[PDB]
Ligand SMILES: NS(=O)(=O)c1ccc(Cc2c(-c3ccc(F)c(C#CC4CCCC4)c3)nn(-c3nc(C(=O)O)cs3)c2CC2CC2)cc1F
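Next comes just one chain, in structure tokens: the form solved without the named molecule.
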């Protein structure tokens, strides 16, 4: 008899079905940051990695596996075939084309659509009940694309949206005030990136309205120039990209935070990208970041934030731009 059979008496042939499985698609810096963050928060009993570059994929998988002693996620697998993703509760999509210099936004989105036309039906085939969390940029449009291709109901297709931007906002707020960002409250909503909307009316510490204490907050008459905070939020990513080449750690952490609300059914509120038609005067199928209640069924509820006519106007303009692109897309 083998050493194993001398040492160990087997009771069960186990038809291994994963109970809390997560898949990350794309093993670039973003995908791997998501993976390590997920592994270190014990959110999954099985982690699957998928990418088209087989050697890099295998290398990342093995590197993680070699750290198993220090983790509590007993199964880490990878493959270019989507059968490795079967029965995932949550599938995180980070794959996508990188925008070349002089490439139009439309062209970039169409390249990503061509990628998603392959990824999404494969994901859906093997995990028809999963939640989709889209991290790939441009996230609002790509969440829309994932939604269109998957045929999933809207509660189950979520874009990372302005979750990280809101985290950055709160970090900068905390630095200005000398308070941990957990205790600084403020929301960045709408379209991820330059057009996002900082909701000044909601910024507070301990329930104290900053806008109330300082009525010129976020305006051009503001002597403390709080507008810059938002400008910094918008530009931070660029700066990080200018400095180290890309951004990864912060995105990975924010994505793991989302994953945690979903996998643990927390019903926390996160600013994520969701199908917003019928709100704020928006009449098209577009996805924008609003505060959403996240749980085991994805987005169950939305918070209705009261906005100024100017803030609503920004949202509508974003919706118009997004739709102007989306209607050109070939599925």
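Numbering follows the first chain given and starts at 1. For the two forms, the rigid core is made up of the largest set of C-alpha atoms that agree within 1.5 Å on superposition.
K.L.:
Would 209 to 217 or 91 to 99 have the larger average of its C-alpha temperature factors, as given in the entry?
P.N.:
Stretch with the higher mean C-alpha B-factor: 209 to 217.
K.L.:
Per the entry, where is the mean C-alpha temperature factor higher: 6 to 14 or 20 to 28?
P.N.:
Per the PDB entry, the higher value belongs to 6 to 14.
K.L.:
Would you mind finding, among 281, 291, 295, 67, the residue with the largest C-alpha temperature factor in the entry?
P.N.:
Of the candidates given, the C-alpha B-factor peaks at 281.
K.L.:
Which is it among 82, 187, 147, 238: the one with the largest CA B-factor in the entry?
P.N.:
Answer for 82, 187, 147, 238: 238, with the highest C-alpha B-factor.
K.L.:
Of the three thirds of its chain by CA temperature factor, lowest, middle or highest, which one includes residue 45?
P.N.:
Bottom third by C-alpha B-factor.
K.L.:
Taking the values exactly as deposited, rank residue 193 by C-alpha B-factor within its chain and report the matching third: lowest, middle or highest.
P.N.:
It belongs to the highest third of the chain when residues are ordered by C-alpha B-factor.
K.L.:
Rank-wise, by C-alpha B-factor, drop residue 249 into the lowest, middle or highest third of its chain.
P.N.:
Residue 249: CA B-factor falls in the lowest third of its chain.
K.L.:
Which third of the chain holds residue 232 when residues are ordered by C-alpha B factor: lowest, middle or highest?
P.N.:
Residue 232: CA B-factor falls in the highest third of its chain.
K.L.:
Looking at the entry's B-factor column for C-alpha atoms only, identify whether residue 132 ranks in the lowest, middle or highest third of its chain.
P.N.:
Bottom third by C-alpha B-factor.
This protein has a second form, the form solved in complex with the named molecule, left out of what is shown; the following refers to that one.
K.L.:
In the deposited complex, which of the listed residues (157, 109, 189, 90) lies with a heavy atom within 4.5 Å of the named molecule?
P.N.:
Flagged contact: 109.
K.L.:
Could you check which residue among 127, 261, 150, 247 gets a heavy atom within 4.5 Å of the named molecule in the deposited complex?
P.N.:
Flagged contact: 247.
K.L.:
Is it the case that residue 194, even though its partner is missing from this view, gets within 4.5 Å of the named molecule in the deposited complex, heavy atoms only?
P.N.:
Within the cut-off, so yes.
K.L.:
Can any non-hydrogen atom of residue 234 be found within 4.5 angstroms of the named molecule in the deposited complex?
P.N.:
Within the cut-off, so yes.
K.L.:
Can you tell me if residue 164 lies within 4.5 angstroms of the named molecule in the deposited complex, counting non-hydrogen atoms only?
P.N.:
Contact check for residue 164: yes, within 4.5 Å of the named molecule in the deposited complex.
K.L.:
Please tell me whether any heavy atom belonging to residue 218 falls inside 4.5 Å of a heavy atom of the named molecule, as the geometry stands in the deposited complex.
P.N.:
Outside the cut-off, so no.
K.L.:
In a fit on the core, which one among 228, 175, 224, 103 has a Cα that moves 2 Å or more between the shown form and the other one?
P.N.:
The listed residue whose C-alpha shifts by at least 2 Å is 103.
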